[PDB]
Amino acid sequence: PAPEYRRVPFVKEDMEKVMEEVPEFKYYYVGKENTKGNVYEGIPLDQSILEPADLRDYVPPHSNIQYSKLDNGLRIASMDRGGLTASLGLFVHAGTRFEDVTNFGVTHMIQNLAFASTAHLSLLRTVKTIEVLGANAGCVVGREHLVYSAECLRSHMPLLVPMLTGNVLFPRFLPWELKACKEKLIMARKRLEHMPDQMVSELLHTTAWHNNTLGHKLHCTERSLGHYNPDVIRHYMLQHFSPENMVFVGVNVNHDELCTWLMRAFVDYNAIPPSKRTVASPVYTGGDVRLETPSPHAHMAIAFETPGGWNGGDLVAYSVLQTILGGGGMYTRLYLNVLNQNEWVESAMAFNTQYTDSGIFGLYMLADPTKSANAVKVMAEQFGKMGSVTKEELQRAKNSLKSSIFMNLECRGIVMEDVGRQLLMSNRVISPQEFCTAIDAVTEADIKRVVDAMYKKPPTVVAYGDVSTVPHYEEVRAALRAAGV
Amino acid sequence: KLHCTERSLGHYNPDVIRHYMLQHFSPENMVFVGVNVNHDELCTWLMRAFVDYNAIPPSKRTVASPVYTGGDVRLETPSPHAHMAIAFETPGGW
């Protein structure tokens, strides 16, 4: 069931009366009107200075999500917890899985151009104002989403909504800004050369879905710097950045003010018109890849596909199984049956990554580079016996996962991005009580029912570092075959 | 590989070089060839080179058969062509 959005109609108003609702803002301080100075000078900090006028009788705010929609299509969601700082975020359904042979790299360019010159503000003025308000702001690319966000005191929200929406309503893309911003496209990967874990992540993705959708790289290659001209950026944006592909989310703001100041942003201008885009299903290839470098471990990872991804019904099964095995505790399956029984492994882990319509699940390990052939055997055994579980471990895992669920959402930024991401993915937010009710229902049998389906396509195999002893492709797949995988 | 990788610059100390040479550079693993020279002078001046000194002593080394794996690999770069190659093994070689 989707939420029942409340309508927000467009209305046109006298600017000289709307200017009485704008927050006060100063950039110069030509003298100062107040001469009284530090009125609490010489008072120790264990001696109060509050007057009885500044006492209150506490009334909580109400913190269930409020859902609204503008007439042009934009969806708005808000919460308040009575904190003093607010979190604001704009979510666009424009990831890299939507590019093609003529587009590769365009999303990175757009992100690298966030908060650049727009119709009514320059780049310098924008960023300097964001600095002087005291805020922190930024933009993030993924494989399915693009996100802009900002954060400071809640009384500054009216000044931040423009600067966030600007980027999607009317950027200019002057050539001399594109040209000056180019080197940041290369540094993004130059830093990955000293982050082995993330590197292995990217290898897994490009090996699992070879040359399509989720397989695409998250960065601009050398071949991607040709089509770095404004027309390609603009033509790409015209296909994705329409309002009905967006969500705006706010935490610690009053919802009617948020609705008002968002409506007042789109009322004068024509937004990008809608488009009935279609999306192709990922094709999972699997395969094998190696990359050698002087690292003192053999880094290895093996993975299998999750059919259906986030829209598959078994989203809870994998997330419980990951905690049976051992996530990124000391009574977990891997900790007991690998790390405490072998001297030459530094770390073993289970990983689980999901997207709207496909995912992957697997194991990751660091080992002594002289014993990679034993590392493969250990991994093959482990995969061998994921099919079967005992109720002690299962209960341990279900309780642990419930605890983690509840305790992870005690933080406003995580909540904001969670709500956004869920609304983009399926137009519904799953409240934690529902997550717990779903976790409680997972059976012992369903684990086997899921794994038997997981092993029906070829594996994805990655090695990194001192790989000098890793068996050959056929040897790895035969080791997995012997262990019944 | 025909080159030194980064991992290959550790063991760049004289003892490893010398110990490797002691296993291969003995005379019975060598040939000396000359074109446009008079053979008796060549023999004479080669004999006069080894007469004073002890050469590296022989070793009965053994060599393992190559194992052919085959497989597949790709490497992207801005070149304006798709370069492709496919190959199969010659059993026994020369």
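Quick one: of A:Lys385/A:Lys448; A:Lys391/A:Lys448; A:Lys371/A:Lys448; A:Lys402/A:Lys448, which pairs are farther than 19 Å apart, Cα to Cα?
Check vs 19 Å cut-off fails for A:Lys371/A:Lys448; A:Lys402/A:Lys448.
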Checklist entry - What is the mean number of Cβ atoms from other protein chains located within 10 Å of the Cβ atom of each residue in peptide B:6-13, rounded to a whole number? => result 1
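Which whole number in µm²/s is D for the range A:237-352 by Stokes-Einstein, with the Kirkwood Rh taken over Cα pairs at 20 °C and 1.002 mPa s?
Details: Rh = 20.3 Å.
This corresponds to a translational diffusion coefficient of 106 µm²/s.
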Checklist entry - What number in nm² do you get for the range A:57-115 if you take the convex hull of its Cα atoms and divide its surface by four? => result 7.0
Checklist entry - Which percent of Cα-Cα pairs in the range A:403-485 sits in each 5 Å bin, short to long? => result 3, 10, 13, 12, 11, 11, 13, 12, 12, 3
Item to check | Table column - 3J(HN,Hα) (Hz), the range A:453-461, Karplus curve with 6.51, -1.76, 1.60, x for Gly and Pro | outcome: 7, 5, 7, 8, 10, x, x, 10, 10
Item to check | Computed [θ] at 222 nm, helices only, for chain A once each DSSP H run of length n ≥ 4 contributes -39500 (n - 2.57) | outcome: -10500 deg cm²/dmol
Next on the checklist: For A:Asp14, A:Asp418, A:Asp57, which order do you get if you count the other beta carbons within 10 Å of each Cβ and list the fewest first?
Outcome noted: A:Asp57, A:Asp14, A:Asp418
Item to check | Per-residue mean of C-beta atoms belonging to partner chains within 10 Å, peptide B:76-88 | outcome: 1
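With Rg and the Kirkwood Rh both taken from Cα atoms, where does Rg over Rh land for the range A:144-254?
My calculation of the ratio gives 1.01.
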Item to check | Kirkwood Rh and Cα Rg combined as Rg/Rh, the range A:353-458 | outcome: 1.03
Item to check | Cα Rg, Dmax (largest Cα-Cα span) when computed across chain B, Å | outcome: 21.7, 60
Item to check | Convex hull volume per residue for the protein assembly as shown, taking Cα atoms only, in Å³ | outcome: 314
Checklist entry - Exposure proxy check: A:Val161, B:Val37, A:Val141, A:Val59 ranked by fewest other beta carbons within 10 Å? => result A:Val59, B:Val37, A:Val141, A:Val161
Item to check | Rounded Å value of the spacing that divides the Cα centres of the range A:179-240 and the range A:464-480 | outcome: 29
Checklist entry - What does the convex hull of the Cα atoms of the range A:39-174 come to per residue, in Å³, rounded to a whole number? => result 200
Checklist outcome for this item: Taking Cα atoms only, Rg over Rh for the range A:174-229 with Rh from the Kirkwood formula is 1.05
Checklist entry - Given the range A:216-281, what whole percent of its Cα pairs are spread farther than 17 Å? => result 64
Checklist entry - Using the count of nearby Cβ atoms within 10 Å as a rough guide to exposure, how do A:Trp261, A:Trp176 rank from fewest to most? => result A:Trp176, A:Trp261
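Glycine gets a Cβ as well: all are built from the backbone with ideal geometry, and neighbour counts include every protein chain shown. Rule-based calculations on the coordinates, nothing more; no lab input.
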